[PDB]
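Worksheet for the structure shown next.
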Amino acid sequence: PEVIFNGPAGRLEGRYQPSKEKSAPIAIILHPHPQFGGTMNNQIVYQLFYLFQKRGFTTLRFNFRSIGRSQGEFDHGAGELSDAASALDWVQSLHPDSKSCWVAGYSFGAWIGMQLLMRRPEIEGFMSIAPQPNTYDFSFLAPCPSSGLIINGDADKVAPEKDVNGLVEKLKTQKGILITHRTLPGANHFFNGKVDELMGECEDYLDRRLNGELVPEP
Amino acid sequence: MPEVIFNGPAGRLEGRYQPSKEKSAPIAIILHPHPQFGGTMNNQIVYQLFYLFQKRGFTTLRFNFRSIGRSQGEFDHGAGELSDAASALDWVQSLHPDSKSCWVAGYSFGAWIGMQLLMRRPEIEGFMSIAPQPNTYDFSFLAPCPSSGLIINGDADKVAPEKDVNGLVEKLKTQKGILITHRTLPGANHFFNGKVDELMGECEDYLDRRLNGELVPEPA
Ligand SMILES: [Cl-]
Ligand SMILES: [Cl-]
Ligand SMILES: [Cl-]
Ligand SMILES: [Cl-]
Ligand SMILES: [Cl-]
Ligand SMILES: [Mg+2]
Ligand SMILES: [Mg+2]
């Protein structure tokens with residue numbers, strides 16, 4: 001499972017589980033900013049990785065540049081977006097017949113994930129856990145090209161409800177996607193004491209999506 | 001509260017504080033990993049340790065070391081963080097002057113700082129050291145370790161391998177008058193990925209047994 005691949009700033013370290021099935025969808029999992037202790041082994045990041053793995057995806061989580069054994073210097077976002085595109089290119093190189101992808105990102109990783117979504121038409125679903133629309137600029141989502149899940153806590157002081165609600169309201173004006181927006185009572189930015197609750201919602205969301213629900217009629 | 005700011009040697013230290021409902025309640029201080037491994041006071045294992053002591057009636061504090069979150073100052077190899085932990089313990093004790101006992105629980109780098117605080121502070125009668133790194137940080141100051149406690153590590157840990165943890169535990173087990181409870185969790189890495197429930201169950205069982213007067217040697 002331990003892998004090293006090349007990104008624009010040098011080596012990027014990752015954890016990789018190929019699907020046992022042919023042409024399986026790919027999931028890329030993206031971690032928080034190091035100011036909030038983000039790495040590919042944060043529990044929420046690991047649990048996201050595990051959720052996709054258990055549902056038969058080819059799955060990759062990885063450390064952004066400067067984190068762990070990943071080379072380079074952390075930057076405001078452009079480099080990390082480039083890292084994420086490199087990581088997806090790498091898994092796709094190994095799985096050329098996977099035709100679809102999901103991205104799941106937590107905190108800063110949700111911002112990078114939604115930027116990747118905008119650039120990569122094969123990404124047909126996303127999860128954005130605790131996005132920070134008062135800290136990072138999400139106006140590039142116009143329109144958001146895919147249905148997905150936004151999940152945040154009502155005790156979050158880093159990215160408050162009012163801010164997440166404004167982003168979701170803007171997205172919900174876009175015909176042809178469904179934004180599933182769950183707010184968890186008592187969850188802070190780190191979902192302290194609420195990780196099981198968070199992961200059960202992400203699991204339910206993915207199961208319903210794999211059943212063909214929670215997207216509009218095309 | 002529970003959000004608190006108190007003064008450390010390097011400036012402001014940010015914490016989360018839950019006082020006990022009870023009188024003379026013991027104090028628990030919870031210490032987080034190094035920032036290279038994403039350590040903050042809100043790491044899930046750190047939070048769960050905090051919540052364990054909270055639920056068992058302890059006055060409980062977790063906090064961010066200097067440079068982490070809103071805590072001021074620059075991170076250093078360990079001396080500063082030990083000073084931070086001492087300041088943190090002094091602060092809680094200033095608010096709870098009738099508490100006569102304390103536990104420290106630390107994860108990774110936090111376990112090394114925790115055991116150093118244990119060595120300095122006679123009121124500390126128990127500890128938990130989750131994923132200690134005796135191949136990276138020097139534990140040889142434990143001479144002897146003054147209290148019984150729990151060391152818990154995983155057998156898939158590549159940061160601090162089993163052999164290294166076992167060597168520290170074997171050294172401590174030569175010291176009479178304490179009991180080192182050492183659990184090795186199958187399949188757990190340094191981050192207990194997919195094993196946090198298992199880890200926290202073992203921590204809970206250990207504290208429950210210790211509060212029942214078990215897992216410490218007889219008075220003799
Ligand atoms: Cl974590
Ligand atoms: Cl921005
Ligand atoms: Cl928060
Ligand atoms: Cl050292
Ligand atoms: Cl490890
Ligand atoms: Mg339909
Ligand atoms: Mg006895």
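Every chain in the structure tokens takes a letter, A first, then B, and so on in the order presented; its residues are numbered from 1, and the ligands are numbered from 1 following the presented order.
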Taking the chain letters and numbering used in this document, name the residues of chain A that DSSP puts in helix (DSSP H, G or I), as a PDB file with C-alpha atoms, in the first residue's frame.
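File result-v6.pdb, as written:
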ATOM      1  CA  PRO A  34      -0.944  21.405   8.351  1.00  0.00           C
ATOM      2  CA  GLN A  35      -2.084  24.283  10.618  1.00  0.00           C
ATOM      3  CA  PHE A  36      -4.958  21.947  11.628  1.00  0.00           C
ATOM      4  CA  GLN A  43      -8.552   9.647  11.298  1.00  0.00           C
ATOM      5  CA  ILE A  44     -11.229  11.297   9.134  1.00  0.00           C
ATOM      6  CA  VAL A  45      -8.963  11.011   6.047  1.00  0.00           C
ATOM      7  CA  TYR A  46      -8.204   7.360   6.799  1.00  0.00           C
ATOM      8  CA  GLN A  47     -11.875   6.568   7.420  1.00  0.00           C
ATOM      9  CA  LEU A  48     -12.842   8.207   4.104  1.00  0.00           C
ATOM     10  CA  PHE A  49     -10.171   6.141   2.362  1.00  0.00           C
ATOM     11  CA  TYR A  50     -11.561   3.008   4.090  1.00  0.00           C
ATOM     12  CA  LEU A  51     -15.171   3.801   3.091  1.00  0.00           C
ATOM     13  CA  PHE A  52     -14.276   3.964  -0.629  1.00  0.00           C
ATOM     14  CA  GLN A  53     -11.998   0.886  -0.402  1.00  0.00           C
ATOM     15  CA  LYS A  54     -14.794  -1.177   1.179  1.00  0.00           C
ATOM     16  CA  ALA A  78      -1.915  26.210  -6.365  1.00  0.00           C
ATOM     17  CA  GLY A  79       0.861  23.639  -5.599  1.00  0.00           C
ATOM     18  CA  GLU A  80      -1.485  21.377  -3.651  1.00  0.00           C
ATOM     19  CA  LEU A  81      -4.009  21.436  -6.523  1.00  0.00           C
ATOM     20  CA  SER A  82      -1.108  20.434  -8.855  1.00  0.00           C
ATOM     21  CA  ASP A  83      -0.209  17.614  -6.416  1.00  0.00           C
ATOM     22  CA  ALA A  84      -3.829  16.382  -6.467  1.00  0.00           C
ATOM     23  CA  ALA A  85      -3.892  16.430 -10.299  1.00  0.00           C
ATOM     24  CA  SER A  86      -0.590  14.517 -10.336  1.00  0.00           C
ATOM     25  CA  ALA A  87      -1.941  11.950  -7.900  1.00  0.00           C
ATOM     26  CA  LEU A  88      -5.093  11.385 -10.002  1.00  0.00           C
ATOM     27  CA  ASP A  89      -2.987  11.171 -13.193  1.00  0.00           C
ATOM     28  CA  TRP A  90      -0.821   8.547 -11.458  1.00  0.00           C
ATOM     29  CA  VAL A  91      -3.718   6.288 -10.337  1.00  0.00           C
ATOM     30  CA  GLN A  92      -5.327   6.700 -13.772  1.00  0.00           C
ATOM     31  CA  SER A  93      -2.055   5.644 -15.412  1.00  0.00           C
ATOM     32  CA  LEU A  94      -2.314   2.387 -13.426  1.00  0.00           C
ATOM     33  CA  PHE A 108      -8.451  22.628   3.072  1.00  0.00           C
ATOM     34  CA  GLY A 109      -8.599  19.263   1.204  1.00  0.00           C
ATOM     35  CA  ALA A 110     -12.290  19.964   0.374  1.00  0.00           C
ATOM     36  CA  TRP A 111     -11.227  23.244  -1.307  1.00  0.00           C
ATOM     37  CA  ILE A 112      -8.484  21.506  -3.317  1.00  0.00           C
ATOM     38  CA  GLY A 113     -10.926  18.639  -4.101  1.00  0.00           C
ATOM     39  CA  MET A 114     -13.604  20.950  -5.500  1.00  0.00           C
ATOM     40  CA  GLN A 115     -10.969  22.730  -7.618  1.00  0.00           C
ATOM     41  CA  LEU A 116      -9.908  19.358  -9.035  1.00  0.00           C
ATOM     42  CA  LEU A 117     -13.568  18.506  -9.661  1.00  0.00           C
ATOM     43  CA  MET A 118     -13.915  21.706 -11.747  1.00  0.00           C
ATOM     44  CA  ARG A 119     -10.913  20.639 -13.908  1.00  0.00           C
ATOM     45  CA  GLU A 161     -22.771  27.440   9.648  1.00  0.00           C
ATOM     46  CA  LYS A 162     -23.622  30.798   8.144  1.00  0.00           C
ATOM     47  CA  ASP A 163     -20.615  30.538   5.828  1.00  0.00           C
ATOM     48  CA  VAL A 164     -21.155  26.929   4.763  1.00  0.00           C
ATOM     49  CA  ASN A 165     -24.895  27.646   4.292  1.00  0.00           C
ATOM     50  CA  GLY A 166     -24.100  30.571   1.930  1.00  0.00           C
ATOM     51  CA  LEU A 167     -21.839  28.363  -0.222  1.00  0.00           C
ATOM     52  CA  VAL A 168     -24.495  25.629  -0.294  1.00  0.00           C
ATOM     53  CA  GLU A 169     -27.269  28.138  -1.162  1.00  0.00           C
ATOM     54  CA  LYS A 170     -25.179  29.429  -4.090  1.00  0.00           C
ATOM     55  CA  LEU A 171     -24.549  25.862  -5.335  1.00  0.00           C
ATOM     56  CA  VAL A 195     -16.474  10.948  13.809  1.00  0.00           C
ATOM     57  CA  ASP A 196     -18.779   7.872  13.859  1.00  0.00           C
ATOM     58  CA  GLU A 197     -21.772  10.111  13.118  1.00  0.00           C
ATOM     59  CA  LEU A 198     -19.857  11.832  10.298  1.00  0.00           C
ATOM     60  CA  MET A 199     -18.713   8.561   8.737  1.00  0.00           C
ATOM     61  CA  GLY A 200     -22.174   6.982   8.905  1.00  0.00           C
ATOM     62  CA  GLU A 201     -23.558   9.935   6.937  1.00  0.00           C
ATOM     63  CA  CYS A 202     -20.756   9.644   4.339  1.00  0.00           C
ATOM     64  CA  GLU A 203     -21.380   5.897   4.072  1.00  0.00           C
ATOM     65  CA  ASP A 204     -25.180   6.334   3.643  1.00  0.00           C
ATOM     66  CA  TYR A 205     -24.562   9.044   1.025  1.00  0.00           C
ATOM     67  CA  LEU A 206     -22.185   6.864  -1.024  1.00  0.00           C
ATOM     68  CA  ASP A 207     -24.486   3.825  -0.808  1.00  0.00           C
ATOM     69  CA  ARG A 208     -27.468   5.822  -2.014  1.00  0.00           C
ATOM     70  CA  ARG A 209     -25.385   7.344  -4.855  1.00  0.00           C
ATOM     71  CA  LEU A 210     -24.129   3.859  -5.920  1.00  0.00           C
TER      72      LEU A 210
END
message: Please return, as a PyMOL selection string, all residues of range 22-206 of chain A that DSSP assigns to strand (DSSP E) on the basis of the backbone.
response: chain A and resi 26-30+58-62+101-106+123-129+148-153+179-184
message: Show me, as a ChimeraX atom specification, every residue of chain B with an atom at most 9 Å from chain A, counting only C-alpha atoms.
response: /B:35-40,42-45,47-48,51,68-69,191-194,196
Mind dumping the selected residues with N, CA and C atoms as a compact mmCIF listing (two decimals), in the first residue's frame?
# COMPACT_ATOMS: atom_id res chain seq x y z
N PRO B 35 4.07 18.40 15.66
CA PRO B 35 3.40 18.88 14.42
C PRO B 35 3.78 18.16 13.12
N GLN B 36 4.92 17.48 13.08
CA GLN B 36 5.28 16.76 11.85
C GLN B 36 4.29 15.61 11.58
N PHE B 37 3.67 15.10 12.64
CA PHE B 37 2.66 14.02 12.51
C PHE B 37 1.27 14.58 12.68
N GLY B 38 1.15 15.89 12.48
CA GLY B 38 -0.15 16.56 12.53
C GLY B 38 -0.70 16.73 13.96
N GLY B 39 0.19 16.78 14.96
CA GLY B 39 -0.25 16.89 16.37
C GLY B 39 -0.90 18.24 16.69
N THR B 40 -2.11 18.18 17.25
CA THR B 40 -2.76 19.31 17.90
C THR B 40 -3.64 18.75 19.04
N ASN B 42 -6.63 18.86 19.18
CA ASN B 42 -7.88 18.28 18.69
C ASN B 42 -7.76 17.03 17.84
N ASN B 43 -6.53 16.49 17.74
CA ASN B 43 -6.32 15.14 17.22
C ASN B 43 -7.33 14.17 17.89
N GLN B 44 -7.90 13.22 17.13
CA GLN B 44 -8.99 12.39 17.68
C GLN B 44 -8.56 11.60 18.92
N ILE B 45 -7.36 11.04 18.87
CA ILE B 45 -6.86 10.25 20.03
C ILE B 45 -6.69 11.16 21.26
N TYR B 47 -8.34 14.03 21.83
CA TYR B 47 -9.73 14.32 22.25
C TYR B 47 -10.35 13.15 23.02
N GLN B 48 -10.25 11.94 22.46
CA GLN B 48 -10.81 10.77 23.16
C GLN B 48 -10.16 10.52 24.53
N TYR B 51 -11.75 13.03 26.75
CA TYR B 51 -13.12 12.64 27.07
C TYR B 51 -13.19 11.47 28.07
N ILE B 68 1.62 25.88 18.14
CA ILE B 68 0.48 25.13 17.58
C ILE B 68 -0.86 25.90 17.80
N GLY B 69 -1.67 26.00 16.75
CA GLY B 69 -2.94 26.74 16.85
C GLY B 69 -2.70 28.19 17.22
N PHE B 191 -0.50 5.71 14.01
CA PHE B 191 -1.72 6.54 14.03
C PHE B 191 -2.96 5.74 14.42
N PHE B 192 -2.75 4.47 14.81
CA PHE B 192 -3.87 3.57 15.16
C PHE B 192 -4.96 3.66 14.08
N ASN B 193 -4.56 3.76 12.81
CA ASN B 193 -5.59 3.87 11.78
C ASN B 193 -6.44 2.59 11.77
N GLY B 194 -7.76 2.78 11.87
CA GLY B 194 -8.71 1.66 11.89
C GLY B 194 -8.71 0.94 13.23
N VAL B 196 -8.64 2.99 16.42
CA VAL B 196 -8.85 3.93 17.53
C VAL B 196 -9.85 3.40 18.56
Within-10 Å residues of ligand 5, basis only C-alpha atoms and all ligand atoms, as a list in words: residues 41 of chain A; 131, 154, 155, 156, 157, 158, 159, 160, 161, 188, 189, 190, 191, 192 and 193 of chain B
For N, CA and C atoms, I'd like the residues from the last selection saved as a CSV table (one decimal), in the first residue's frame.
chain,number,residue,atom,x,y,z
A,41,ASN,N,-2.8,10.6,7.2
A,41,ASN,CA,-3.3,9.6,8.3
A,41,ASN,C,-4.2,10.1,9.4
B,131,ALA,N,1.9,5.1,22.0
B,131,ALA,CA,2.8,5.2,20.9
B,131,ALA,C,4.1,6.0,21.2
B,154,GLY,N,1.2,-0.1,18.7
B,154,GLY,CA,0.8,-1.1,17.7
B,154,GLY,C,1.9,-1.9,17.0
B,155,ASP,N,1.6,-3.1,16.6
B,155,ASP,CA,2.6,-4.0,16.0
B,155,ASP,C,2.9,-3.7,14.5
B,156,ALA,N,2.1,-2.7,14.0
B,156,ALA,CA,2.4,-2.3,12.6
B,156,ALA,C,2.9,-0.8,12.5
B,157,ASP,N,3.4,-0.4,13.7
B,157,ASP,CA,4.0,1.0,13.8
B,157,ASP,C,5.4,1.0,13.2
B,158,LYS,N,5.6,1.8,12.1
B,158,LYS,CA,6.9,1.9,11.5
B,158,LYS,C,7.7,3.1,11.9
B,159,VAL,N,7.0,4.0,12.6
B,159,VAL,CA,7.6,5.2,13.3
B,159,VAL,C,8.4,4.8,14.5
B,160,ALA,N,7.8,4.0,15.4
B,160,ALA,CA,8.4,3.5,16.6
B,160,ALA,C,8.1,2.0,16.7
B,161,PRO,N,8.9,1.2,16.0
B,161,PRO,CA,8.7,-0.3,16.0
B,161,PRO,C,8.6,-1.0,17.3
B,188,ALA,N,-2.2,-2.2,14.5
B,188,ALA,CA,-2.2,-0.7,14.6
B,188,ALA,C,-0.9,-0.1,14.2
B,189,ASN,N,-0.9,1.0,13.4
B,189,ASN,CA,0.3,1.7,13.0
B,189,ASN,C,0.5,2.8,14.1
B,190,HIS,N,1.4,3.8,13.8
B,190,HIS,CA,1.6,4.9,14.7
B,190,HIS,C,0.4,5.7,15.0
B,191,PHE,N,-0.5,5.7,14.0
B,191,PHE,CA,-1.7,6.5,14.0
B,191,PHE,C,-3.0,5.7,14.4
B,192,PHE,N,-2.8,4.5,14.8
B,192,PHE,CA,-3.9,3.6,15.2
B,192,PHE,C,-5.0,3.7,14.1
B,193,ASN,N,-4.6,3.8,12.8
B,193,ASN,CA,-5.6,3.9,11.8
B,193,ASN,C,-6.4,2.6,11.8
Kindly work out which residues sit at most 12 Å from ligand 7, using only C-alpha atoms and all ligand atoms, and give the list as a PDB file with N, CA, C and O atoms, in the first residue's frame.
ATOM      1  N   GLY B 177       8.248  -1.901  42.536  1.00  0.00           N
ATOM      2  CA  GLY B 177       7.346  -0.980  43.171  1.00  0.00           C
ATOM      3  C   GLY B 177       6.437  -0.244  42.213  1.00  0.00           C
ATOM      4  O   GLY B 177       5.601   0.543  42.627  1.00  0.00           O
ATOM      5  N   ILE B 178       6.600  -0.508  40.928  1.00  0.00           N
ATOM      6  CA  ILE B 178       5.618  -0.055  39.948  1.00  0.00           C
ATOM      7  C   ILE B 178       5.190  -1.255  39.095  1.00  0.00           C
ATOM      8  O   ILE B 178       5.925  -2.247  38.991  1.00  0.00           O
ATOM      9  N   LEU B 179       4.024  -1.132  38.449  1.00  0.00           N
ATOM     10  CA  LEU B 179       3.613  -2.094  37.412  1.00  0.00           C
ATOM     11  C   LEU B 179       3.420  -1.304  36.126  1.00  0.00           C
ATOM     12  O   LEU B 179       2.594  -0.348  36.073  1.00  0.00           O
ATOM     13  N   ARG B 209      -9.823  -0.162  35.825  1.00  0.00           N
ATOM     14  CA  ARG B 209      -9.151  -1.060  36.764  1.00  0.00           C
ATOM     15  C   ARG B 209      -8.321  -0.297  37.797  1.00  0.00           C
ATOM     16  O   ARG B 209      -8.385  -0.590  39.009  1.00  0.00           O
ATOM     17  N   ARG B 210      -7.584   0.723  37.347  1.00  0.00           N
ATOM     18  CA  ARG B 210      -6.757   1.507  38.290  1.00  0.00           C
ATOM     19  C   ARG B 210      -7.670   2.211  39.287  1.00  0.00           C
ATOM     20  O   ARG B 210      -7.337   2.256  40.466  1.00  0.00           O
ATOM     21  N   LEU B 211      -8.801   2.780  38.843  1.00  0.00           N
ATOM     22  CA  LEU B 211      -9.706   3.437  39.820  1.00  0.00           C
ATOM     23  C   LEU B 211     -10.315   2.451  40.817  1.00  0.00           C
ATOM     24  O   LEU B 211     -10.779   2.864  41.893  1.00  0.00           O
ATOM     25  N   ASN B 212     -10.304   1.178  40.453  1.00  0.00           N
ATOM     26  CA  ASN B 212     -10.766   0.058  41.321  1.00  0.00           C
ATOM     27  C   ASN B 212      -9.669  -0.428  42.269  1.00  0.00           C
ATOM     28  O   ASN B 212      -9.866  -1.378  43.033  1.00  0.00           O
ATOM     29  N   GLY B 213      -8.521   0.242  42.222  1.00  0.00           N
ATOM     30  CA  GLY B 213      -7.320  -0.124  43.043  1.00  0.00           C
ATOM     31  C   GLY B 213      -6.532  -1.335  42.505  1.00  0.00           C
ATOM     32  O   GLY B 213      -5.715  -1.941  43.231  1.00  0.00           O
ATOM     33  N   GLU B 214      -6.738  -1.689  41.243  1.00  0.00           N
ATOM     34  CA  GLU B 214      -5.916  -2.740  40.613  1.00  0.00           C
ATOM     35  C   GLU B 214      -4.666  -2.208  39.883  1.00  0.00           C
ATOM     36  O   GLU B 214      -4.496  -0.994  39.688  1.00  0.00           O
ATOM     37  N   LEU B 215      -3.833  -3.143  39.423  1.00  0.00           N
ATOM     38  CA  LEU B 215      -2.731  -2.845  38.496  1.00  0.00           C
ATOM     39  C   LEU B 215      -1.673  -1.876  39.078  1.00  0.00           C
ATOM     40  O   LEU B 215      -1.033  -1.113  38.358  1.00  0.00           O
ATOM     41  N   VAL B 216      -1.562  -1.877  40.409  1.00  0.00           N
ATOM     42  CA  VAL B 216      -0.471  -1.257  41.090  1.00  0.00           C
ATOM     43  C   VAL B 216      -0.028  -2.275  42.175  1.00  0.00           C
ATOM     44  O   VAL B 216      -0.867  -2.976  42.758  1.00  0.00           O
ATOM     45  N   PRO B 217       1.270  -2.372  42.428  1.00  0.00           N
ATOM     46  CA  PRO B 217       1.773  -3.328  43.403  1.00  0.00           C
ATOM     47  C   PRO B 217       1.251  -3.080  44.820  1.00  0.00           C
ATOM     48  O   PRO B 217       0.865  -1.963  45.166  1.00  0.00           O
ATOM     49  N   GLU B 218       1.248  -4.123  45.638  1.00  0.00           N
ATOM     50  CA  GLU B 218       0.842  -3.965  47.067  1.00  0.00           C
ATOM     51  C   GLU B 218       1.757  -3.007  47.828  1.00  0.00           C
ATOM     52  O   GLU B 218       2.921  -2.840  47.413  1.00  0.00           O
ATOM     53  N   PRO B 219       1.256  -2.408  48.963  1.00  0.00           N
ATOM     54  CA  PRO B 219       2.036  -1.483  49.788  1.00  0.00           C
ATOM     55  C   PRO B 219       3.437  -1.988  50.137  1.00  0.00           C
ATOM     56  O   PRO B 219       4.376  -1.189  50.099  1.00  0.00           O
ATOM     57  N   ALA B 220       3.583  -3.279  50.447  1.00  0.00           N
ATOM     58  CA  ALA B 220       4.901  -3.853  50.846  1.00  0.00           C
ATOM     59  C   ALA B 220       6.043  -3.510  49.866  1.00  0.00           C
ATOM     60  O   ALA B 220       5.806  -3.463  48.648  1.00  0.00           O
TER      61      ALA B 220
END
- prompt: What's the 8 Å shell around residue 14 in chain B, counting only C-alpha atoms, without same-chain residues fewer than 4 positions away, as a PyMOL selection string?
  reply: chain B and resi 3-6+63-64+69-71
File of the preceding selection, N, CA and C atoms, as a short mmCIF file (atom, residue, chain, number, x, y, z; two decimals), in the first residue's frame:
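Now in result-v4.cif:
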data_model
loop_
_atom_site.label_atom_id
_atom_site.label_comp_id
_atom_site.auth_asym_id
_atom_site.auth_seq_id
_atom_site.Cartn_x
_atom_site.Cartn_y
_atom_site.Cartn_z
N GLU B 3 -13.11 26.67 26.17
CA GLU B 3 -11.97 27.38 25.57
C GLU B 3 -11.31 28.24 26.63
N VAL B 4 -10.00 28.05 26.82
CA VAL B 4 -9.19 28.83 27.77
C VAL B 4 -7.88 29.28 27.11
N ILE B 5 -7.35 30.39 27.61
CA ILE B 5 -6.02 30.88 27.27
C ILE B 5 -5.32 31.07 28.60
N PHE B 6 -4.10 30.57 28.71
CA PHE B 6 -3.31 30.80 29.93
C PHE B 6 -1.88 31.11 29.52
N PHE B 63 -4.19 20.90 25.79
CA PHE B 63 -3.78 22.22 25.26
C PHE B 63 -2.78 22.07 24.11
N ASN B 64 -2.63 23.15 23.33
CA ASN B 64 -1.70 23.18 22.23
C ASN B 64 -0.35 23.62 22.71
N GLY B 69 -1.67 26.00 16.75
CA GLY B 69 -2.94 26.74 16.85
C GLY B 69 -2.70 28.19 17.22
N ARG B 70 -3.35 28.65 18.28
CA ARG B 70 -3.17 30.01 18.76
C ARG B 70 -2.09 30.12 19.84
N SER B 71 -1.47 29.00 20.21
CA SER B 71 -0.38 29.11 21.18
C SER B 71 0.82 29.82 20.53
#
Per-residue nearest contacts of chain B to ligand 4 (8 Å; only C-alpha atoms and all ligand atoms) as a tab-separated table:
residue	atom	partner	partner_atom_place_in_ligand_line	distance
B:77	CA	ligand 4	1 (Cl)	7.7
B:78	CA	ligand 4	1 (Cl)	7.7
B:136	CA	ligand 4	1 (Cl)	6.6
B:137	CA	ligand 4	1 (Cl)	3.7
B:138	CA	ligand 4	1 (Cl)	4.0
B:139	CA	ligand 4	1 (Cl)	7.4
Export of prior selection with N, CA and C atoms as an mmCIF file, in the first residue's frame:
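Writing done, so here's out.cif:
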data_model
loop_
_atom_site.group_PDB
_atom_site.id
_atom_site.type_symbol
_atom_site.label_atom_id
_atom_site.label_comp_id
_atom_site.auth_asym_id
_atom_site.auth_seq_id
_atom_site.Cartn_x
_atom_site.Cartn_y
_atom_site.Cartn_z
ATOM 1 N N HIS B 77 12.891 21.386 20.460
ATOM 2 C CA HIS B 77 13.088 19.943 20.446
ATOM 3 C C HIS B 77 12.352 19.266 21.587
ATOM 4 N N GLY B 78 12.059 19.980 22.668
ATOM 5 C CA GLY B 78 11.299 19.345 23.758
ATOM 6 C C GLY B 78 11.318 20.137 25.041
ATOM 7 N N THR B 136 13.594 7.561 18.923
ATOM 8 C CA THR B 136 13.727 8.946 18.423
ATOM 9 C C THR B 136 13.999 9.951 19.542
ATOM 10 N N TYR B 137 13.385 9.708 20.701
ATOM 11 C CA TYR B 137 13.533 10.590 21.870
ATOM 12 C C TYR B 137 14.100 9.748 22.998
ATOM 13 N N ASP B 138 14.875 10.405 23.848
ATOM 14 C CA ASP B 138 15.599 9.757 24.935
ATOM 15 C C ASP B 138 14.695 9.568 26.171
ATOM 16 N N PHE B 139 14.378 8.322 26.512
ATOM 17 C CA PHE B 139 13.575 8.053 27.739
ATOM 18 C C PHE B 139 14.412 7.640 28.960
#
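Residues surrounding residue 26 in chain B within 6 Å are residues 58, 99, 101 and 102 of chain B [only C-alpha atoms; sequence separation below 3 positions excluded].
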Pick out the residues sitting within 6 Å of range 16-30 of chain A, and hand them over as a compact mmCIF listing (two decimals) with N, CA and C atoms, in the first residue's frame; count only C-alpha atoms, and ignore anything fewer than 2 positions along from it in its own chain.
# COMPACT_ATOMS: atom_id res chain seq x y z
N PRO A 1 0.81 -1.25 0.00
CA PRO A 1 0.00 0.00 0.00
C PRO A 1 0.83 1.28 0.00
N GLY A 56 -15.39 -1.02 -3.05
CA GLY A 56 -14.77 -1.49 -4.30
C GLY A 56 -14.07 -0.49 -5.18
N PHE A 57 -13.81 0.72 -4.67
CA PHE A 57 -13.03 1.68 -5.45
C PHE A 57 -11.52 1.37 -5.41
N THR A 58 -10.82 1.79 -6.46
CA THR A 58 -9.38 1.95 -6.38
C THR A 58 -9.16 3.28 -5.64
N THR A 59 -8.39 3.25 -4.56
CA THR A 59 -8.39 4.37 -3.64
C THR A 59 -6.96 4.86 -3.35
N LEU A 60 -6.79 6.17 -3.30
CA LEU A 60 -5.48 6.77 -2.99
C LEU A 60 -5.67 7.92 -2.02
N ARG A 61 -4.95 7.90 -0.91
CA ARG A 61 -4.79 9.11 -0.14
C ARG A 61 -3.30 9.44 -0.22
N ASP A 97 -8.68 1.96 -17.56
CA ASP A 97 -10.07 1.75 -17.91
C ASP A 97 -11.09 2.13 -16.85
N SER A 98 -10.61 2.75 -15.77
CA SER A 98 -11.55 3.32 -14.83
C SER A 98 -12.12 4.56 -15.55
N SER A 100 -14.65 6.60 -14.18
CA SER A 100 -15.16 7.63 -13.29
C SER A 100 -14.40 7.68 -11.98
N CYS A 101 -14.54 8.83 -11.34
CA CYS A 101 -13.75 9.15 -10.17
C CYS A 101 -14.62 9.89 -9.16
N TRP A 102 -14.28 9.75 -7.89
CA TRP A 102 -14.83 10.58 -6.81
C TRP A 102 -13.67 11.28 -6.12
N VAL A 103 -13.93 12.47 -5.57
CA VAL A 103 -12.91 13.11 -4.72
C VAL A 103 -13.59 13.35 -3.36
N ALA A 104 -12.87 13.10 -2.25
CA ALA A 104 -13.38 13.38 -0.91
C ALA A 104 -12.29 14.19 -0.24
N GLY A 105 -12.65 15.35 0.23
CA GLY A 105 -11.64 16.17 0.86
C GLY A 105 -12.12 16.75 2.18
N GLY A 109 -8.51 20.31 2.24
CA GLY A 109 -8.60 19.26 1.20
C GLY A 109 -9.92 19.32 0.42
message: I'd like the neighbourhood of residue 134 in chain B as a count of residues only, where a residue qualifies if any of its atoms comes within 12 Å (using only C-alpha atoms), though same-chain residues fewer than 3 positions away should be ignored.
response: 29
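Using only C-alpha atoms and all ligand atoms, the nearest neighbour of ligand 3 within the list A:142, A:155, A:215, A:181 is A:155.
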Report as JSON lines: every residue of chain A with an atom at most 7 Å from ligand 6, its closest pair of atoms, and their distance in Å to one decimal, counting only C-alpha atoms and all ligand atoms, with rows sorted by chain and ascending residue number.
{"residue": "A:212", "atom": "CA", "partner": "ligand 6", "partner_atom_place_in_ligand_line": "1 (Mg)", "distance": 6.1}
{"residue": "A:213", "atom": "CA", "partner": "ligand 6", "partner_atom_place_in_ligand_line": "1 (Mg)", "distance": 6.0}
{"residue": "A:215", "atom": "CA", "partner": "ligand 6", "partner_atom_place_in_ligand_line": "1 (Mg)", "distance": 6.2}
{"residue": "A:216", "atom": "CA", "partner": "ligand 6", "partner_atom_place_in_ligand_line": "1 (Mg)", "distance": 5.8}
{"residue": "A:217", "atom": "CA", "partner": "ligand 6", "partner_atom_place_in_ligand_line": "1 (Mg)", "distance": 4.8}
Output the selection as a tab-separated table (two decimals), in the first residue's frame - N, CA and C atoms for each residue.
chain	number	residue	atom	x	y	z
A	212	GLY	N	-27.86	4.79	-7.58
A	212	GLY	CA	-28.46	5.73	-8.52
A	212	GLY	C	-29.41	6.79	-7.96
A	213	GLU	N	-29.38	7.00	-6.64
A	213	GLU	CA	-30.18	8.06	-6.02
A	213	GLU	C	-29.38	9.34	-5.89
A	215	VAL	N	-29.21	12.15	-7.37
A	215	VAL	CA	-28.84	12.97	-8.49
A	215	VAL	C	-30.14	13.25	-9.25
A	216	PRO	N	-30.24	14.41	-9.87
A	216	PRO	CA	-31.48	14.72	-10.58
A	216	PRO	C	-31.65	13.90	-11.84
A	217	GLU	N	-32.85	13.95	-12.42
A	217	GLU	CA	-33.06	13.30	-13.70
A	217	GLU	C	-32.34	14.09	-14.77
